[PDB]
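Worksheet: the structure to be examined is printed underneath.
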Amino acid sequence: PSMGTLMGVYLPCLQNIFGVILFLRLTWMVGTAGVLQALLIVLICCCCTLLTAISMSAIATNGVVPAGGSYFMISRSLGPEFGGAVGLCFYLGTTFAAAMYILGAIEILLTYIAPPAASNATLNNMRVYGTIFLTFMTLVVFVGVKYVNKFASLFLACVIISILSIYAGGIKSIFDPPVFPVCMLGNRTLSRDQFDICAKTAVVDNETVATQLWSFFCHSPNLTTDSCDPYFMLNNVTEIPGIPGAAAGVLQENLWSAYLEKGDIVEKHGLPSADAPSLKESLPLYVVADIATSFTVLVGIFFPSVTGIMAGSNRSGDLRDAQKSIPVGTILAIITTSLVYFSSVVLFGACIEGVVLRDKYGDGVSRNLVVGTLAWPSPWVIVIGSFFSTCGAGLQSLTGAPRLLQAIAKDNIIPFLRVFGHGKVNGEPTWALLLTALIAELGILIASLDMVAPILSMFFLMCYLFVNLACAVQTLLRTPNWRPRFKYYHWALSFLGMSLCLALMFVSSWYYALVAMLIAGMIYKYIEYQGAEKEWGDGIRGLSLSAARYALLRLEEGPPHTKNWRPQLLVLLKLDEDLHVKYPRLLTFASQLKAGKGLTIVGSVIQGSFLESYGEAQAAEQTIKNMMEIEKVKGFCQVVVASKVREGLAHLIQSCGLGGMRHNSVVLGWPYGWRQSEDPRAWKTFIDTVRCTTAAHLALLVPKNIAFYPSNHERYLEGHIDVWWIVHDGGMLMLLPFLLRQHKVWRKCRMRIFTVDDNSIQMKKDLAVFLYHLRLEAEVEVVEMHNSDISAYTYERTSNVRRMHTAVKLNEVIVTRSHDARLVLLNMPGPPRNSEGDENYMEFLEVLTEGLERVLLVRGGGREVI
Amino acid sequence: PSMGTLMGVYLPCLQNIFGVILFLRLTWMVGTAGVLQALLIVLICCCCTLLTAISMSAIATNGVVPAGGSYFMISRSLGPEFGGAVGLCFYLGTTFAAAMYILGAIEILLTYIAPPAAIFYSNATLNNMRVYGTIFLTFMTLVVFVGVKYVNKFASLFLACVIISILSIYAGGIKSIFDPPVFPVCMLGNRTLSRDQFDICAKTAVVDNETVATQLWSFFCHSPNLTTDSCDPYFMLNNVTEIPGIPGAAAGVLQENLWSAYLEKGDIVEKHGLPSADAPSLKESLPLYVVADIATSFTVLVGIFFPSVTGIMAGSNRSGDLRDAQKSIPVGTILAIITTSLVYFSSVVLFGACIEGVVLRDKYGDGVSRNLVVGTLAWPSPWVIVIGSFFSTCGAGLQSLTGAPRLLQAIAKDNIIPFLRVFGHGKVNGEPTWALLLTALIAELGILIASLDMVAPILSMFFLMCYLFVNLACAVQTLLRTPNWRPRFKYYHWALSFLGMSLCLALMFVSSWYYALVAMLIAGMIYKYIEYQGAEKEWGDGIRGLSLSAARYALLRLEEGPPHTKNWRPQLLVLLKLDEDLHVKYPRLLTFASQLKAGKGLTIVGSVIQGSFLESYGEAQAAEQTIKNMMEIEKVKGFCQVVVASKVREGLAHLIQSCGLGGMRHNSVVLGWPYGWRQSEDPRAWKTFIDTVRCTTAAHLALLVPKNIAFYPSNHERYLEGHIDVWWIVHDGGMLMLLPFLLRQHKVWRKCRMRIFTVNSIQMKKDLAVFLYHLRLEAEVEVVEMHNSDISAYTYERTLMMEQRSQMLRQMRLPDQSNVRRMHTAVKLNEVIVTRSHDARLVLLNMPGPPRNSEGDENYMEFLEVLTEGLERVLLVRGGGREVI
Ligand SMILES: *[C@@H]1O[C@H](CO)[C@@H](O[C@@H]2O[C@H](CO)[C@@H](O[C@@H]3O[C@H](CO)[C@@H](O)[C@H](O)[C@@H]3O)[C@H](O)[C@H]2NC(C)=O)[C@H](O)[C@H]1NC(C)=O
Ligand SMILES: *[C@@H]1O[C@H](CO)[C@@H](O[C@@H]2O[C@H](CO)[C@@H](O[C@@H]3O[C@H](CO)[C@@H](O)[C@H](O)[C@@H]3O)[C@H](O)[C@H]2NC(C)=O)[C@H](O)[C@H]1NC(C)=O
Ligand SMILES: *[C@@H]1O[C@H](CO)[C@@H](O[C@@H]2O[C@H](CO)[C@@H](O)[C@H](O)[C@H]2NC(C)=O)[C@H](O)[C@H]1NC(C)=O
Ligand SMILES: *[C@@H]1O[C@H](CO)[C@@H](O)[C@H](O)[C@H]1NC(C)=O
C-alpha cells in the first residue's frame with residue numbers, strides 16, 4: 001500500500017470541506033452581516049479548526065499509526081475511554097450532516113430547477129420529498145457502494161469547476177457586469193415574480209394604461225381611483241442595477257451590520273422614501289426576512305462548512321509515510337479553505353448590491369440562484385454543480401457513518417450495542433444502516449437548514465473540544481505512552497483551541513451545549529466503568545484498582561529524587577509468642593510523627609515455616625490491623641513468615657512498596673534485657689539490622705525507653721524539647737522537632753537547640769538564618785566544641801579507652817544541662833567496620849544515654865537535602 | 001457549656017433568613033408575575049435549600065462535631081480541598097450580603113423616610129446611592145471595628161423588630177377582610193398616574209360658582225383655559241377614574257391578578273379590564289405616568305428572590321455551646337426552613353388576594369402617595385414597617401460584617417492557602433485587623449453597582465455554588481465508600497443529595513450562564529490549588545506528589561470492604577532467573593506474559609540474587625535497570641522487584657508471599673521449567689522447583705508452568721493455521737476454560753481454533769455447551785472415552801523403575817510394581833494424547849499435585865517428565881481452589 005500525499009490526504013479533505021453552505025447560504029449571510037463581521041466569523045471558525053488540526057497532527061505523529069482508519073488512531077493514542085466517547089459524537093455529526101445535505105439538495109431542486117412539480121405547504125413538500133430521497137438513497141447505499149467509490153472523483157471535479165467559474169465571472173464583472181434589474185418602491189423591495197414590468201403606468205395604443213403592477217397593488221383597473229394604499233402613491237418606482245461592477249462604492253455601502261427581524265422588509269439604504277401607512281393586501285408582494293438574524297445565528301449556520309478535518313486521516317493504511325504526510329496535508333487543506341472563504345467574502349461584499357444579497361430564495365431576481373448570477377458560461381452551471389455536490393456529499397456521509405458504527409461495535413467497548421456488528425457476508429453493516437436511516441429521518445422531519453445546522457455544530461464542537469482536551473492533559477500529566485514528535489507543537493496551542501471551541505459551543509446555544517456535555521460525560525464514565533469491570537472483575541473496587549495502577553505507572557518514569565525530604569516510616573513491630581503487639585507505643589509514636597498523612601507500612605516477621613503456618617500469618621494481619629486502627633494511624637500491614645528473623649528483616653527492609661511508593665525511614669525499637677541474659681541473640685540482631693539499614697541509604701529512628709512515651713489522651717503543659725545536634729545530620733535533626741510539635745500533644749513545648757576552634761557568631765547567624773526559612777526561631781545555645789571529645793564521631797564517620805572517656809564526658813554535659821528535659825534528640829555515631837567491636841559499640845551507646853528519661857536517636861542517610 | 005435547641009439554633013437561623021428582600025421586593029415580584037408563578041418560584045427556591053439542609057444534617061451527624069464553627073465541621077468531614085473551596089464562596093456571599101443590606105437601608109432612607117435630603121435630583125438617583133452607601137459603609141466599618149461587644153448584646157433586638165413587623169402585616173390583612181383602609185389611586189383610561197403632584201384627580205373643579213381647570217389639566221395640557229384644542233388625544237378621549245387601591249379581601253381580586261403580567265422596559269402599568277379608546281400621545285407626558293423600571297421575566301425574578309432563603313449555614317454557628325449537637329442541629333435547621341417557607345407562601349397568597357393588581361407594580365410606590373406599598377395594609381399605622389425594615393437591615397448588615405472577617409481569619413490561621421497568611425494577624429483580643437479592611441473593600445466594590453436588582457444575582461451565584469459543592473461532596477463520598485464517612489441521619493439517602501445538586505445547578509444556570517461559568521472556574525481553580533498545596537506539604541514535590549497522593553487515597557479506599565471479587569482474572573508474577581553475569585536467561589517469559597495480559601492489569605516481575613545484602617547493593621540496582629530495559633522491549637507494563645537473599649529458596653518464598661500493597665496483590669505465579677535437572681549431578685534445580693510449587697500451592701494461588709519456553713512465538717511471528725488443544729481431566733474447569741479465551745484475544749493467536757478434549761456423555765456435552773454459550777467460544781467438544789486396564793504391565797516401565805532405584809543408590813553413595821502402576825497409567829495417557837494431539841499448536845493440561853511426602857519428589861519429576869514427552873509446546877495449570885469462574 002503506497003499512495004502520495006496529494007491523492008491520499010489533500011484531495012479527500014478538500015472534497016469533504018467544500019459543501020452546500022457556500023452556494024445556498026453564503027450570499028445571504030454576507031448581505032445580512034456585512035463584510036467586517038463576515039471576516040471575523042470566518043477567522044473565528046478557522047482558528048478552532050486549525051488548533052484542532054494541530055492537536056490531530058501531534059496525535060498522528062507519536063509512535064506508529066494504526067492502519068485501521070480514522071477512529072483507531074485516536075483510540076490507540078488516547079485510551080479507550082476518550083476514543084469511544086469521540087466516536088459517538090462524530091457518528092452523530094456525520095449522520096446529521098448527511099441529513100443536512102439531503103435538505104440542501106431538496107431546497108435546490110424545489111426552488112429553482114422546477115417549482116411546478118411541488119407557510120406550511122413548503123414545509124410539507126420538503127418533508128415528503130426528503131423522506132422519499134432518504135429512502136431511495138439508503139437503498140442505493142445498500143446495493144451500490146462500488147459505484148459510489150468509483151464515481152467519488154466526479155463530485156470534486158464539479159465543485160472545482162463551479163468555483164473556478166464563479167471567480168472568472170467576478171473578474172469579468174469587474175469591467176463589464178451582467179444585467180439583472182431589481183425593482184424598488186421608495187426604499188422597499190418588490191417581488192419581481194408577479195409583475196411584467198415595474199412601472200406605475202404604461203403607454204398602450206397611443207395612451208397610458210395601468211400596468212399589472214398597478215392592478216396587483218391597486219385593486220382598481222382604472223387610473224381614476226383614490227382607494228389605494230398611501231405608500232404606493234406617495235413614493236416612486238425605481239429600477240436600480242443589482243449587479244454594480246466591482247468598485248469601492250459598493251464595498252463602502254455594505255460594510256455595517258444589517259440584522260433584520262422576523263417579518264421585516266428588505267430596504268435599500270440610500271434612496272429617497274417618504275413613509276406612509278399601507279394596506280394588508282400588499283404584504284404578499286414585498287420580499288420579507290425569513291428568520292431572525294444575529295451573530296450567534298450566523299456562527300451556527302456557517303460552521304458546518306469548515307468541518308471534516310478528520311476525514312483526511314482516513315487512508316492511514318495506504319500511506320507512504322504518515323508522520324510527514326498527514327499533518328502537512330491537513331494544514332494545507334485548512335489553509336486553502338480559509339483563503340477561499342476570505343477571497344469569496346471580499347468578492348461578494350465588494351461586487352454585488354447589498355439589497356439583492358438578502359433574498360434567501362432569490363426573490364429580487366426572477367427566481368434565480370442569487371450567487372449564480374455572476375458566472376461566465378451561464379447561470380445554469382452553478383445549479384447543476386451544487387446539485388451534484390450535495391448529492392455526492394450526502395451519499396458519501398451515508399456510506400461512511402455506518403462503517404464507523406460497525407468499527408465501534410466490533411471493538412466491544414460499549415456492551416449494549418453488540419448487535420450492530422452483525423455485518424454482511426462481505427462486512428458491510430446491515431442493522432447499522434437502518435439505525436442511521438432512522439436517525440436521518442428524525443432529522444429530516446425538522447426540514448429547515450437554519451434549525452438543523454446548530455445541532456450539527458454542537459456535535460462537531462463537542463468532538464473537537466474533547467480531542468484538544470485529551471491532548472493537553474496527556475501532555476501535562478506525563479502520560480507513560482505519550483511523546484509526540486511534531487516540531488511546531490505545544491500544549492498551550494491545544495489549550496487555547498479547547499478554550500476557543502468551548503466559547504463557540506456556548507455562544508451557539510447554552511442548553512444544547514449542556515445536553516451535549518452531559519451526554520459526553522455519561523458515556524465517558526460508562527466506558528470507564530465497563531473497562532474496570534473487564535480488567536479486574538468488580539465495578540467499584542475495580543475503579544479503585546485502575547486508578548491506583550494508573551497513578552503508579554505514571555509515577556514510574558522521571559527523576560527519582562524529590563527536592564524536599566519528608567520521613568516516610570516503616571514501623572518494625574515485634575510480635576510475641578502469643579501473637580500480641582509487644583510495644584503498642586511504637587504505633588502511637590508513628591501516628592504522632594505522621595499525623596495521619598503520608599505512607600506508613602507496618603511489617604513484622606514470624607519465625608517458623610511458611611508451608612504450615614499461613615493461618616497464623618493471616619490472624620496476625622488482622623490483629624495488627626485492629627491495633628493500628630485503634631491508635632488512629634492510617635497504614636498498610638505486611639506479615640512475612642521466615643525461617644530466621646535476620647533474613648526476614650533484610651527482605652522486609654529492602655522490599656516493601658510498589659515502584660515509587662517506597663519507604664525512606666526504618667523505626668525500630670531498642671533491645672531490652674540484652675546484657676541481663678546470657679543469650680547474645682538480641683544485640684547481634686539489632687546491630688545487624690542497623691548495619692543493613694545504613695547500607696541502603698535510609699534514615700533511622702530508634703526511640704529508646706518506649707515505656708515512657710505519652711499516649712494521645714495525655715497532654716503536655718510545661719516542658720521543653722531538647723535537640724543536641726552534635727556535628728552531622730543537620731537537616732533531619734532540625735526537621736524532626738518541627739514535625740513533632742505540629743501535633744497537639746507537643747503543641748507548645750519549647751525548643752532548645754544545643755550545638756557542641758570556631759566562631760560562635762558565624763555559627764549562630766547561620767543557624768538563625770536557616771531557622772528563618774523554617775520559622776521555628778528557637779533559641780540557640782552553643783556550648784564549647786572540644787575536638788578531642790568528638791573524636792569518636794569524627795573518626796568513625798569520615799582508641800577504645802578514649803571512646804568511653806568521650807562518651808562519659810558528653811553524657812555528663814547532657815545529663816547536667818538537660819536532665820529535666822521532656823524529649824532529648826541526639827545523633828548517634830555509625831557502627832564499627834570490624835564485626836567484633838559490637839560489644840564496645842553497644843556499651844558506648846548505652847553509657848551515652850544514661851539518665852535521660854526519654855531519648856530518641858536519629859542517624860542520617862546522607863541523601864537528605866533540607 | 002450547655003444550651004438548648006431553641007435559643008441556640010432556631011432563633012439565629014430565623015434572624016438570618018428574614019431579610020430585606022421580603023419587604024422591599026415581595027409585593028413587586030408578586031404583582032409582576034402573578035400568584036401562580038410566584039408560588040412556583042417560592043417552591044423551587046425552597047426545595048434546593050431543603051435538600052441542602054438535609055445534606056448539612058448528614059454532615060453534622062457523622063462522628064464528633066468540631067466546636068469551632070460552621071467551617072470546621074465541613075473541613076473535618078470532607079477534606080481540606082472541599083472545605084477550603086466552600087469557605088471562599090461562602091465568604092464572598094457573606095460580604096456581598098452586607099453590601100446588599102446597606103443598599104436596602106439607603107433606599108429606604110432616601111425614598112420614604114425623608115426625600116428632601118437627596119443631593120442629586122436617571123443617574124441622580126445612582127449618584128445619591130453611591131455617595132450615601134459609601135458613607136454608611138465607612139461608618140459601619142468603624143463601628144464594627146470598635147464595638148463588637150455591643151452588637152453581640154443588641155442582636156436580639158433585630159429579631160424583635162422583624163417579628164413585630166410581620167405581625168403588623170398580618171394584622172393589617174385581617175383588618176382588611178371586613179373593613180379595609182382608604183387609599184384612592186387615580187386612573188386615566190387604563191394607565192396609572194403618579195398621585196404625588198396633583199391636588200385632586202378631576203378634570204375640572206367648581207370654584208366661585210363655576211368650573212375651572214385643575215392642576216391635572218395644566219399638567220397634561222399646557223393651556224390654563226378650557227377653550228383649547230392643542231392637547232394630546234388620549235387625555236380628552238378617555239375619562240379619569242378613582243378606584244380603591246385596597247379592596248377588601250375577596251375572591252374577585254385574587255381571580256384578577258392570577259396570570260403573569262411581564263412588562264417591558266419603559267412600558268406603562270395598565271389595569272386590564274377597563275374601557276380604553278387608544279390614541280396617540282405627546283412626548284412631554286411620560287413624566288406623569290408610572291413606568292416599569294427594568295425588563296421583567298421569569299429568570300430575573302428567580303435571581304432577585306433567591307437571596308431571601310440563604311443563611312442555613314448560620315444555624316450551625318454556635319457549635320461549641322450546644323447540649324447534644326447530633327440531635328439538635330438538624331431539627332433546628334429544618335424547622336427554621338419550614339417556618340420561613342410557610343410564611344412566604346401565606347404572604348404571597350395574602351398579597352395576591354388583598355391588593356389591587358395595579359399598585360403592586362409600582363416599584364417605588366408611585367400610585368399611592370409615595371408610601372411603602374406593603375405598608376398600606378398594617379393595623380397600627382404604615383409607619384411601623386418603615387422603621388422596622390430600617391433597623392432590621394442595619395442589624396443584618398452589622399452581623400454580616402461581624403461574621404465574614406471571622407471566617408476569613410479562620411481560613412488564614414488554618415494554613416491551607418499560603419498567599420493569605422497575613423490575614424491571620426488578629427488583634428490582641430483576636431478581632432481581625434487586615435481581614436476587616438479587605439472585607440470592607442470588597443463590599444465597596446459591590447456598592448458601586450448601587451442597585452438591588454443587579455446585586456442580587458451575584459449573591460445568588462455564590463451561594464448556589466457553595467450549596468452545589470456541599471451536595472456533590474456528600475453524594476460522592478457516600479457512593480465511593482470513603483473510609484471515614486458514615487453519617488447517622490435517619491432520613492438520609494444519597495439520591496436526595498444528587499437531586500439537590502441537579503436542582504441547584506439548574507438554578508445556577510437559569511439566572512445567568514456566564515456568571516455561573518465564572519463561579520465554577522473560580523471554584524475549580526481553588527480546588528486544584530488546594531490539592532497541589534497539600535501534595536507539596538505531605539510529600540515534597542509538586543507534580544510527583546499529586547500522583548503519590550492519588551495512589552495512596554485509592555489504596556486506602558480499596559482497603560475496606562469485602563475482599564472477594566465475583567470474577568477471577570489472572571494477575572501474574574513472573575519469576576525471572578538472572579544469569580551469573582546478570583543477564584536474563586529466558587527473555588521469552590516476558591513475551592508470554594505480555595501476550596497473556598495484553599497490557600492491561602497488574603504484572604510484577606521479581607527475581608532473587610544470591611549473595612549478601614551488605615555488599616551487593618550496586619548489583620541490585622544494576623539488575624533492576626537491566627530488567628526495566630528488557631521489560632520495556634517486550635512491551636509489558638509492570639513494576640519490577642529485586643531482592644538480595646542468601647539462598648534463592650527463601651528469596652523466592654518472601655517474594656511470593658510479600659509483593660504489593662494491601663489490595664493490589666497478585667494471584668498467579670508463572671515460573672519456568674528446570675532444564676537438565678537429571679543430566680547434571682547437582683540436585684538443586686528440582687528441589688528448588690518442588691519447593692516453590694509447594695509454597696505457591698499452600699497459599700491458594702494459581703500456577704502456570706510453561707514448558708519448553710524456547711519454542712514459543714515472539715511478537716513479530718504470526719500464526720495462520722493451527723488449533724489449541726485443551727485436555728481438561730477432572731477439576732479446575734473454570735480457569736482451564738478462561739485461559740484459552742484470554743489467550744486468543746491477542747493478535748498472535750488471533751484465529752487459532754479451540755478444541756476441547758475431555759477424557760452420560762451427552763449430558764456432559766450439553767452442560768459444556770450451555771456453559772460455553774455464556775462464554776461464546778463455541779469450541780468443538782469431543783468427549784473421549786476412558787479405558788481400564790489397557791496395559792497390565794510395561795517392561796520399559798519396570799526398567800525405568802530400576803533406573804530410579806539406581807539413581808537413589810547413587811544419591812545414597814554421594815513395591816516396584818505398585819510404584820510402576822502410576823507410571824504405566826501416565827504412559828497410556830501420553831500414548832492417547834500423543835496419537836490424537838501431536839500436531840497441536842498449544843496444549844493445555846492440568847498437572848497433578850506434588851506428593852505430600854517430601855522424599856517422593858524424584859518419582860513426581862519422572863511422572864511429570866514422561867507425561868509431556870513429545871509435545872512441542874505444553875503449558876500446565878494448577879488450580880488454587882478459590883477460583884469461582
Ligand atoms: C367617559 O365617560 C362617559 C360618561 O361618563 C362615557 O359615556 C357614556 O356612555 C353611556 C353608555 O352608553 C351613555 O349612556 C347613554 O348614552 C346614550 C347615547 O345616546 C344616551 O342616549 C342615553 O340617554 C345615555 O346617556 C352616556 O350618555 C355616555 N356619556 C357621555 C358623556 O358620552 C364614556 O363611555 C366614557 N369613556 C370614554 C369616553 O372613553
Ligand atoms: C389598555 O389600553 C390600551 C390602549 O388602548 C389597549 O391597547 C390596545 O388593546 C387592544 C386589545 O386587544 C390590542 O388589540 C390588538 O390590536 C392589534 C392591531 O394593532 C391586532 O392585530 C390584535 O389582534 C389585537 O386586536 C392593541 O394591540 C392594543 N394597542 C396598544 C397600542 O396598546 C390595551 O389593550 C388596554 N388593556 C390592557 C390590558 O393593556
Ligand atoms: C426606509 O424607509 C423607512 C420608512 O420610514 C425609514 O424609516 C424612518 O427612518 C428615520 C431615520 O432615522 C426614522 O427617524 C423614522 O422613525 C423611521 N420611520 C419608520 C416608520 O421606520 C428608513 O429610515 C428608510 N431608510 C433605511 C431603512 O435605510
Ligand atoms: C418621484 O418622481 C418624480 C418624477 O421623477 C419626482 O419629481 C419626485 O420628486 C419624486 N419623488 C420623490 C420623493 O423624490
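Lettering and numbering for the C-alpha cells are positional, with chains as A, B, ... in the shown order, residues counted from 1 in each chain, and ligands counted from 1 in the shown order.
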message: Which residues are near ligand 2 - at most 6 Å, using only C-alpha atoms and all ligand atoms? Format: as an MDAnalysis selection string.
response: chainID B and resid 190 270:272 276:278
How would you write, as a PDB file with N, CA and C atoms, in the first residue's frame, the set of residues no farther than 9 Å from ligand 3 when counting only C-alpha atoms and all ligand atoms?
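Wrote out_7.pdb, looks like this:
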ATOM      1  N   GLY A 186     -39.764  53.265  -3.406  1.00  0.00           N
ATOM      2  CA  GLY A 186     -39.240  54.076  -2.333  1.00  0.00           C
ATOM      3  C   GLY A 186     -37.955  53.432  -1.874  1.00  0.00           C
ATOM      4  N   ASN A 187     -37.996  52.842  -0.689  1.00  0.00           N
ATOM      5  CA  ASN A 187     -36.871  52.113  -0.136  1.00  0.00           C
ATOM      6  C   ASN A 187     -37.327  50.743   0.337  1.00  0.00           C
ATOM      7  N   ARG A 188     -38.279  50.171  -0.397  1.00  0.00           N
ATOM      8  CA  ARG A 188     -38.732  48.799  -0.235  1.00  0.00           C
ATOM      9  C   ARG A 188     -38.309  47.971  -1.443  1.00  0.00           C
ATOM     10  N   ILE A 265     -38.911  44.195   6.334  1.00  0.00           N
ATOM     11  CA  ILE A 265     -38.821  44.429   4.900  1.00  0.00           C
ATOM     12  C   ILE A 265     -37.382  44.733   4.516  1.00  0.00           C
ATOM     13  N   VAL A 266     -36.951  44.168   3.392  1.00  0.00           N
ATOM     14  CA  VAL A 266     -35.601  44.359   2.870  1.00  0.00           C
ATOM     15  C   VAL A 266     -35.515  45.727   2.202  1.00  0.00           C
ATOM     16  N   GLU A 267     -34.738  46.629   2.794  1.00  0.00           N
ATOM     17  CA  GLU A 267     -34.705  48.027   2.396  1.00  0.00           C
ATOM     18  C   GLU A 267     -33.342  48.409   1.832  1.00  0.00           C
ATOM     19  N   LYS A 268     -33.353  49.262   0.811  1.00  0.00           N
ATOM     20  CA  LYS A 268     -32.138  49.722   0.139  1.00  0.00           C
ATOM     21  C   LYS A 268     -31.737  51.053   0.760  1.00  0.00           C
ATOM     22  N   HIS A 269     -30.802  51.006   1.701  1.00  0.00           N
ATOM     23  CA  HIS A 269     -30.361  52.220   2.373  1.00  0.00           C
ATOM     24  C   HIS A 269     -29.693  53.143   1.363  1.00  0.00           C
ATOM     25  N   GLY A 270     -30.290  54.302   1.112  1.00  0.00           N
ATOM     26  CA  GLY A 270     -29.712  55.234   0.167  1.00  0.00           C
ATOM     27  C   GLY A 270     -30.602  55.624  -0.994  1.00  0.00           C
ATOM     28  N   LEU A 271     -31.915  55.571  -0.795  1.00  0.00           N
ATOM     29  CA  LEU A 271     -32.875  56.011  -1.792  1.00  0.00           C
ATOM     30  C   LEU A 271     -33.945  56.862  -1.131  1.00  0.00           C
ATOM     31  N   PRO A 272     -34.464  57.866  -1.836  1.00  0.00           N
ATOM     32  CA  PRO A 272     -35.492  58.725  -1.235  1.00  0.00           C
ATOM     33  C   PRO A 272     -36.784  57.945  -1.044  1.00  0.00           C
ATOM     34  N   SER A 273     -37.311  57.980   0.177  1.00  0.00           N
ATOM     35  CA  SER A 273     -38.529  57.255   0.522  1.00  0.00           C
ATOM     36  C   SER A 273     -39.315  58.087   1.519  1.00  0.00           C
ATOM     37  N   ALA A 274     -40.557  58.410   1.177  1.00  0.00           N
ATOM     38  CA  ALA A 274     -41.447  59.133   2.075  1.00  0.00           C
ATOM     39  C   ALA A 274     -42.418  58.143   2.705  1.00  0.00           C
ATOM     40  N   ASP A 275     -42.276  57.937   4.011  1.00  0.00           N
ATOM     41  CA  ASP A 275     -43.025  56.905   4.707  1.00  0.00           C
ATOM     42  C   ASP A 275     -44.517  57.234   4.746  1.00  0.00           C
ATOM     43  N   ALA A 276     -45.316  56.195   4.950  1.00  0.00           N
ATOM     44  CA  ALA A 276     -46.769  56.294   4.978  1.00  0.00           C
ATOM     45  C   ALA A 276     -47.329  54.930   5.367  1.00  0.00           C
ATOM     46  N   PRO A 277     -48.556  54.885   5.882  1.00  0.00           N
ATOM     47  CA  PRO A 277     -49.182  53.592   6.174  1.00  0.00           C
ATOM     48  C   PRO A 277     -49.457  52.819   4.893  1.00  0.00           C
TER      49      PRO A 277
END
Taking only C-alpha atoms into account, find every residue of chain B that has an atom no more than 8 Å from chain A, and write it out as a PyMOL selection string.
chain B and resi 480+513+538-541+543-544+547-548+550-552+554-558+565-569+600-602+613-614+617+637-646+650-651+653-654+657-662+664+694-695+698-699
Quiz item: Which residue out of B:197, B:667, B:94, B:679 has the minimum interatomic distance to residue 370 of chain B when only C-alpha atoms are used?
Solution: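 Once distances to residue 370 of chain B are computed over only C-alpha atoms, the minimum belongs to B:197.
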- Task: Do a neighbour search on residue 289 of chain A at 8 Å with only C-alpha atoms, toss out local chain neighbours closer than 4 positions, and write the hits as JSON, numbers by chain.
- Result: {"A": [260, 261, 262, 263, 264, 265, 266, 358, 359]}
The selected residues should be written to file as a tab-separated table (two decimals), in the first residue's frame (atoms: N, CA and C atoms).
chain	number	residue	atom	x	y	z
A	260	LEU	N	-31.86	42.09	10.52
A	260	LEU	CA	-33.29	42.32	10.43
A	260	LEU	C	-34.02	41.53	11.52
A	261	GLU	N	-35.34	41.66	11.53
A	261	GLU	CA	-36.21	40.91	12.43
A	261	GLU	C	-37.15	40.05	11.61
A	262	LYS	N	-37.86	39.16	12.30
A	262	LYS	CA	-38.79	38.27	11.61
A	262	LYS	C	-39.94	39.09	11.05
A	263	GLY	N	-40.12	39.03	9.73
A	263	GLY	CA	-41.19	39.75	9.09
A	263	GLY	C	-40.85	41.14	8.59
A	264	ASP	N	-39.64	41.63	8.83
A	264	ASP	CA	-39.28	42.96	8.38
A	264	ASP	C	-39.14	43.00	6.86
A	265	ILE	N	-38.91	44.19	6.33
A	265	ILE	CA	-38.82	44.43	4.90
A	265	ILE	C	-37.38	44.73	4.52
A	266	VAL	N	-36.95	44.17	3.39
A	266	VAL	CA	-35.60	44.36	2.87
A	266	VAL	C	-35.51	45.73	2.20
A	358	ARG	N	-29.84	39.76	0.27
A	358	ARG	CA	-30.68	39.30	1.36
A	358	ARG	C	-31.88	38.47	0.92
A	359	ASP	N	-32.11	38.27	-0.37
A	359	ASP	CA	-33.18	37.37	-0.80
A	359	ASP	C	-32.69	35.93	-0.73
message = Neighbours of ligand 1 at 12 Å or closer, counting only C-alpha atoms and all ligand atoms: which residues, as a ChimeraX atom specification?
response = /B:188-190,203,233-241,274-279
Quiz prompt | Spatial neighbours of residue 77 of chain A, 12 Å, only C-alpha atoms, chain gap at least 5 places, as an MDAnalysis selection string | solution = chainID A and resid 55:66 70:72 82:83 467 470:471 474:475 479:484
Take the residues from that selection and write them out as a PDB file, in the first residue's frame, keeping C-alpha atoms.
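Saved as out_24.pdb:
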ATOM      1  CA  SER A  55      -3.690  18.538  18.057  1.00  0.00           C
ATOM      2  CA  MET A  56      -4.552  15.918  15.433  1.00  0.00           C
ATOM      3  CA  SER A  57      -1.046  16.154  14.000  1.00  0.00           C
ATOM      4  CA  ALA A  58       0.542  15.830  17.433  1.00  0.00           C
ATOM      5  CA  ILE A  59      -1.552  12.704  17.891  1.00  0.00           C
ATOM      6  CA  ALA A  60      -0.770  11.336  14.447  1.00  0.00           C
ATOM      7  CA  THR A  61       2.990  11.507  14.894  1.00  0.00           C
ATOM      8  CA  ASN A  62       3.680   9.781  18.234  1.00  0.00           C
ATOM      9  CA  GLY A  63       4.651   6.181  17.586  1.00  0.00           C
ATOM     10  CA  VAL A  64       3.392   4.098  14.708  1.00  0.00           C
ATOM     11  CA  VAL A  65      -0.041   4.908  13.292  1.00  0.00           C
ATOM     12  CA  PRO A  66      -2.586   2.055  13.305  1.00  0.00           C
ATOM     13  CA  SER A  70      -9.538   7.478  11.401  1.00  0.00           C
ATOM     14  CA  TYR A  71     -11.010   6.313  14.703  1.00  0.00           C
ATOM     15  CA  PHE A  72      -8.330   3.778  15.600  1.00  0.00           C
ATOM     16  CA  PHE A  82     -11.644   9.012  25.056  1.00  0.00           C
ATOM     17  CA  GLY A  83     -11.712   7.149  21.761  1.00  0.00           C
ATOM     18  CA  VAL A 467      -9.743  15.798  21.241  1.00  0.00           C
ATOM     19  CA  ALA A 470      -7.188  14.950  25.802  1.00  0.00           C
ATOM     20  CA  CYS A 471      -4.038  16.159  24.071  1.00  0.00           C
ATOM     21  CA  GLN A 474      -1.843  13.886  28.395  1.00  0.00           C
ATOM     22  CA  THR A 475       0.964  16.321  27.668  1.00  0.00           C
ATOM     23  CA  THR A 479       1.266  10.045  30.339  1.00  0.00           C
ATOM     24  CA  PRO A 480       3.551   6.995  30.023  1.00  0.00           C
ATOM     25  CA  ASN A 481       2.971   6.259  26.326  1.00  0.00           C
ATOM     26  CA  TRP A 482       2.538   9.840  25.095  1.00  0.00           C
ATOM     27  CA  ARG A 483       5.527  11.541  23.446  1.00  0.00           C
ATOM     28  CA  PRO A 484       4.735  13.389  20.204  1.00  0.00           C
TER      29      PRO A 484
END
Residues within 9 Å of residue 595 of chain B, please, as an MDAnalysis selection string. Count only C-alpha atoms; anything in the same chain fewer than 5 positions from it doesn't count.
chainID B and resid 590 636 715 743 745:748
Near residue 668 of chain B, within 9 Å and counting only C-alpha atoms, which residues show up once chain neighbours fewer than 2 positions away are dropped, as a count of residues only? 12
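For the atom pair formed by atom CA of residue 221 of chain B and atom CA of residue 243 of chain B, the distance is 23.2 Å, given to one decimal.
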Near segment 765-774 of chain A, counting only C-alpha atoms, which residues have an atom at most 10 Å away, once you skip same-chain residues fewer than 3 positions from it, shown as JSON, numbers by chain?
{"A": [731, 734, 735, 738, 753, 755, 760, 761, 762, 777, 778, 779, 780, 866]}
